[PDB]
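Residue numbers (the numbering used here), protein chains in the order written: chain A, 415 to 711; chain B, 52 to 461; chain C, 6 to 213; chain D, 6 to 310. By construction, the Cβ of each residue, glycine as well, lies at the ideal position given by its N, Cα and C atoms. What follows is a short report on a single structure.
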Amino acid sequence: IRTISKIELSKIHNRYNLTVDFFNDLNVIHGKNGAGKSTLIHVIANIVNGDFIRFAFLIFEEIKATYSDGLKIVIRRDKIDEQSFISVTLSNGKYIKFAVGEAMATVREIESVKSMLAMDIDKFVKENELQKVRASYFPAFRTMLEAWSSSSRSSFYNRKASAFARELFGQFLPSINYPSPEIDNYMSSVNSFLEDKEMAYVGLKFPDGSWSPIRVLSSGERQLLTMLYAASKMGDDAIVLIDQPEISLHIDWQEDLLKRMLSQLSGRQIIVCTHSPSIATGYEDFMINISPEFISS
Amino acid sequence: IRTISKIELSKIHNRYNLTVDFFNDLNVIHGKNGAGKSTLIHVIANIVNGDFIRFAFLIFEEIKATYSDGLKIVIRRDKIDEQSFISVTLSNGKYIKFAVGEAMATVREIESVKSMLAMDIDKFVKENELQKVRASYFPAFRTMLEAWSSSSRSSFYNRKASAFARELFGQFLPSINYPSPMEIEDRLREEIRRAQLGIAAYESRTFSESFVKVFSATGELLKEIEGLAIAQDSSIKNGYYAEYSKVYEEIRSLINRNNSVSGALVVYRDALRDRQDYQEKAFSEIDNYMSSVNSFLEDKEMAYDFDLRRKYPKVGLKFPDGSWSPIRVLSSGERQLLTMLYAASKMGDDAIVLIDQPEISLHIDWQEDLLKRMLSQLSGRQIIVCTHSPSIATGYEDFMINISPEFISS
Amino acid sequence: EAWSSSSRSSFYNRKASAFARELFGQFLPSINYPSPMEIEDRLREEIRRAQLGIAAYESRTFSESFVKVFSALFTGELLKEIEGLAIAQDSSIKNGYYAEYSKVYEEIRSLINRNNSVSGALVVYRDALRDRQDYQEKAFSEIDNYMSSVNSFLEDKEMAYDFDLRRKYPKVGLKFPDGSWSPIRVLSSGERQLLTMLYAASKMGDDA
Amino acid sequence: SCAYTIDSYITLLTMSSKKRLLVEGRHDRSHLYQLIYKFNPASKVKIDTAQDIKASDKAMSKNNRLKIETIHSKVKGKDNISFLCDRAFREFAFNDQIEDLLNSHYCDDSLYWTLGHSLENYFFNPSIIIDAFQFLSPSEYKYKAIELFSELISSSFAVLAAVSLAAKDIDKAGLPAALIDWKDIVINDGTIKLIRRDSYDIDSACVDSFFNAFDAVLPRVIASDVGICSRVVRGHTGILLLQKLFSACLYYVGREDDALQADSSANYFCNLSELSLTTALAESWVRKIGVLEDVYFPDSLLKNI
Ligand SMILES: Nc1ncnc2c1ncn2[C@@H]1O[C@H](COP(=O)(O)OP(=O)(O)OP(=O)(O)O)[C@@H](O)[C@H]1O
Ligand SMILES: Nc1ncnc2c1ncn2[C@@H]1O[C@H](COP(=O)(O)OP(=O)(O)OP(=O)(O)O)[C@@H](O)[C@H]1O
């Protein structure tokens, strides 16, 4: 499957540069905050999903993305006399260049059916084979995000949720394709971390006899369920991108969780940026340091 | 002051019982998932803030709160003739009792204007002096909450954010009283104005008082006067007047070109030293806070900038390359560190710092230094932190309290 | 303004101009006249700027007076004139952060009276007091002129400013002869019209 | 509890760029923090404790040294971390006389051992014990009690070492802590003789074995050098034994003026917490560094970090 092998970051807001070569399956990321770990996750989840129009909102000069199969995507932002441009150049010779003001006009057309430039982006990802594999993006604040539609979204329909997330955290935020509330292996995978009951073969199996639904669980239990559901092959063919999997998590349940995720043998790339060292116990070979190099400006 | 000392819960959500005794300085709470630490934080916030009308959204039997000074508050939920009632009884014998349905009607009236029950609760907490100490509640989702506020909040006006948070996480959730980084910036600007006005008053006082030192009236003092003049000229606080070196050079030339003169020199040195000490005294809290903040920042420093023409001082990040950036260019973890260090600062109001998972989006190096920087400010507040990271709680293992919920069989 | 006070500035007046163009047709210009809240904020900012300028003048006069004293160092009428100047300095609202001039004058007079070179110090002290008093008039010239124009109309109250060392916020609002303080929103409609129409012709307002 | 495991801490070592130090207990962390902060009050060294690292194995759960050896073995060759353990009675010879086979701080790839039995053996310099007992005293007859204690301290170290060796022969290290009481001690002309009291709560077999071991080990300790002798005393045994020996000498030399006042002062000193004594000795030990040439400290460890 198509997995991203190298992200070249150059002049990212003209201050820091990064160059990270990625493993095929597991890519644990450690680094300081503000270095760009969540920025790298959003960059990958926008490129792999094919959302090239996000880079008009992102200040950079040139970004080169090379996948595992050798296909190169070079995205470069210029300034052609007060009207900046987004030039996405591939290694097959087909390149798309569009104005940043054109992208903001397209966004304003959507705000007030896709417009011309959104259909141009869909045409470019349609005629050049750039979205073989999707990207199930997991935000680090996903508990409040699934709380946002709790009192008022699906894995395919998240345009309201992604638009609200782009309102709160900037328009570079990708589409939120993580699931919200093989199969029996997933059931027993959940059953390792279950405490008051067990989940196997639509209803729970309490020892007191309750066939409770999916959504009665607590915050950490639902976080575990959402992180483990995409770990199976029951989820879509997507590079599972998880931002800080230890959010609302005990320090002891993080150990065998990645064992349960890798017990599915899904073969999709898993990239995690974590600060808790109990996430990667025995996963130190996949630990990648982020060291952004400051440049003079 | 008044600090909480003991909390005795009975039948919270009719499932678990808890009895935790607290310290007056630091309370590090650790436990498993679903123990009820967040529920304990919400209960403590509603107890300390005097917002007992939230307790109609809590299923309990009896809640006992014992402070350090001997104040004991007993909150009892009863169910008489299918009507649920909340009775809050104090240690002095004073008590109030109100209906749960009346509280829900008041909440629906607020949602769809001050009612009679809210004014009665305010009168009850006013005549009993139950709201002496506030409580700063830090949710685990506060980074998204502050991002929501800055993409569209003050302590006195947070009705929309509190309504949004109570809609998202239930009506038992208390008022959002933790300060926003925009509020931190505004408070910093106000404190800069206060320091500037105090410096102005001291300047007027020193201008008047210097003549009585003159009327009352060697090589080492010239060097000390030169060093003080260079230090004052190269200071941020003297950006409105930094012309002391020319004064020193003229003084030295007028001495060299041709008793009481030495007395005038030493009282001038004393006046300059007193001025420098008063400038350091006025900016001591802000400089200490910026020294605490800049210990974590690598490629930037949070600094204040004056201008001789622009009378509005600039607060933001200074880079080593000379760039100036606002506080909104900071990441999530730096913003969290800023809010937590301002929470432990003396500039903030007297409250009880209630934080659930302080280690959100923090590097593991910053978690080991956060509490050291928080306790070095000597604010004297009572801090209750619920964390799952041991790097937060290192070096303060004597105050670590474990929660063991007592399950009851029904 | 009654409609506005139930739901604005000279620069952010979009809603009121939109409502007025809705009522009276779209040819009506933007509503640029200053609200009394804008006047109050501008008065506070001008007072703060005047205080900072006073502090800079205090520092400069202190350094220059020390230099001139120390260089020139190596009568009965002067003490009375300095006494009158210190009394006038003590009896001003602008010195609310420091009102200890008479004590310093009494200390200097007691040191002098128990026993040439002192005459130069006395005359530069008188000049320093005169220069500080003149800079106090200059820095508060527009505010005092505007408040003197406004207070010539108001009958039972007067607009004035207040300083206090315990707080650090200069209080701007109405002052009554019985000592009470009220904000500028307790004015009637006509008095508010007087306030705005006199601020618009003042020097503190924008060039317009 | 809320603490890192061995693997989690090793991952933290991979993630953290700080200079780190691993010690056995929290008391060693507090003392070394004071020692580091004396030379550099703004130092950014982080000191970790193996006591606060969870272990899945039951035997390894309370064995701090085994945790340190496991961690040190798995990150063997790193530059940014140092380890500190307690030497205990290792590298000591008991061939009828106390012999120290190292006589220096042990070092093996950022793993260090205390020169004495433990870290508290550094407190056994006479000036430190004097200063600490003088500072923490009832302040009634302190000067004469200190003068007598200073006379007794030269020969008392042989008694303390004999007590520690008798404890380790029968593997009952904590036995003298509750068995021997200050009233049993008698103050002689520089020496002491803990009489075998007839009445004891513990069974007579243990008491008899303890005094037989003490009698059989005391002449061997006497023939040994005093300087080597002061390092083999067990740290926890030694703290309580010094507290009782000072309570006994204070009551012995203060009873003639007022028996009741001396008894009250002696009971007050005997009831003092171990943490207070260890902290006072640590502060005195920190203060005496650089003033006296006879006060030691892990100079190699401080130099390495
Ligand atoms: N448009 C922009 N211009 C300049 N700086 C920006 C811009 N957008 C974001 N930044 C800053 O650049 C950095 C991006 O790093 P980022 O926050 O993604 O790193 P991180 O390691 O994932 O941290 P965290 O855990 O705080 O999210 C942050 O400091 C952010 O404030
Ligand atoms: N009506 C209710 N409201 C809230 N919590 C409830 C309710 N009924 C039962 N509970 C239980 O009370 C607990 C409250 O969860 P809380 O957020 O306090 O957990 P915690 O101990 O902080 O840890 P974590 O978030 O890791 O689970 C949960 O176990 C939840 O299932």
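- As the crow flies, the alpha-carbon of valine 630 of chain A is around 15 Å from that of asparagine 84 of chain B.
- Annotation for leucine 608 of chain A: no residue places its beta carbon closer than 7 Å to its own, counting only its chain and skipping 5 residues before and after.
- Here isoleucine 411 of chain B is buried. Its C-beta has 16 or more other C-beta atoms within 10 Å.
- Around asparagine 460 of chain A, the same chain offers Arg468, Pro588 as residues with beta carbons nearer than 6 Å, after the five sequence neighbours per side are excluded.
- According to the DSSP assignment, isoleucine 36 of chain C belongs to no beta strand (DSSP E), since it is labelled neither H nor E.
- CA-CA distance, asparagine 542 of chain A to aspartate 483 of chain A, rounds to 14 Å.
- Between the region 307–327 of chain B and the region 270–290 of chain B there are three or more C-beta pairs closer than 8 Å, enough to call the two in contact.
- DSSP, read as helix, strand or coil, puts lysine 174 of chain B in helix.
- In chain order, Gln182, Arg185, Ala186, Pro225, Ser226, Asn228 place their CB closer than 8 Å to the CB of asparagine 100 of chain B, counting only its own chain and leaving out the 5 sequence neighbours on each side.
- When DSSP reads this structure, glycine 178 of chain C sits in a beta bridge with C:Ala165.
- Following the DSSP letters along the chain, one finds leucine 421 of chain B inside the alpha helix (DSSP H) bounded by residues 415–426.
- Within 7 Å of the CB of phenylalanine 586 of chain A, no CB atom of chain B is found; the nearest one sits about 13 Å away.
- The three-state reading of DSSP puts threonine 453 of chain A in helix, counting H, G and I together.
- In the structure shown, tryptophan 187 of chain D falls within a coil segment according to DSSP collapsed to helix, strand and coil.
- By the Cβ rule, the region 231–247 of chain D counts as touching the region 162–173 of chain D, because three or more pairs are nearer than 8 Å.
- At least one heavy atom of ligand 1 is found less than 6 Å from the C-beta of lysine 451 of chain A.
- Per the coordinates, the alpha-carbon of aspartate 610 of chain A lies some 34 Å from the alpha-carbon of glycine 446 of chain B.
- For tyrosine 340 of chain B, the enclosing alpha helix (DSSP H) starts and ends at 335–345.
- Taking C-alpha positions only, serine 565 of chain A is separated from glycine 221 of chain B by approximately 9 Å.
- Sequence-distant partners of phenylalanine 175 of chain B (beyond 5 residues in either direction) whose C-beta falls short of 6 Å from its own C-beta, in its chain, are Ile147.
- For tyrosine 253 of chain B, same chain residues with a beta-carbon under 7 Å away, outside a window of 5 residues either side, are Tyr329 in chain order.
- In terms of beta-carbon proximity, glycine 85 of chain B lines the interface with chain A, with at least one pair separated by less than 7 Å.
- Distance from the CA atom of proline 182 of chain C to the CA atom of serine 154 of chain C, rounded to whole angstroms, is 18 Å.
- Under the DSSP definition of a beta bridge, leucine 432 of chain A partners with A:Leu423.
- The continuous stretches of beta strand (DSSP E) do not include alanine 268 of chain B, and DSSP gives it neither H nor E.
- Identification of chain B residues near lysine 173 of chain C by a Cβ-Cβ cut-off of 8 Å yields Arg244, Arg245, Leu248, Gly249, ordered along the chain.
- Proximity of the beta carbon of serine 412 of chain B to ligand 1 is indicated: a heavy atom of the ligand is located closer than 6 Å.
- In this structure the region 682–693 of chain A does not lie against the region 393–407 of chain B, because fewer than three pairs of beta carbons, one per stretch, are closer than 8 Å.
- Here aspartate 173 of chain B is exposed: its Cβ has fewer than 16 other Cβ atoms, across all protein chains shown, within 10 Å.
- Relative to ligand 1, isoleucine 473 of chain A has its C-beta within less than 6 Å of a heavy atom.
- Taking C-beta atoms as the reference points, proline 456 of chain B and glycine 87 of chain B count as a pair closer than 7 Å.
- The C-beta of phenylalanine 458 of chain B comes no closer than 7 Å to any C-beta of chain A.
- For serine 231 of chain B, the closest C-alpha among the options B:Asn345, B:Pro441, B:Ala333, B:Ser205 is that of B:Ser205.
- For the region 56–90 of chain D, the set of positions with a beta-carbon nearer than 9 Å to some beta-carbon of chain A reads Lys59 in chain order.
- Distances from the CA of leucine 69 of chain B to each of B:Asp76, B:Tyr363, B:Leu77, B:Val94 were compared; the closest alpha carbon is that of B:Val94.
- Interface annotation for the region 75–93 of chain C against chain B: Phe75, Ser76, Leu78, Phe79, criterion Cβ-Cβ distance under 8 Å.
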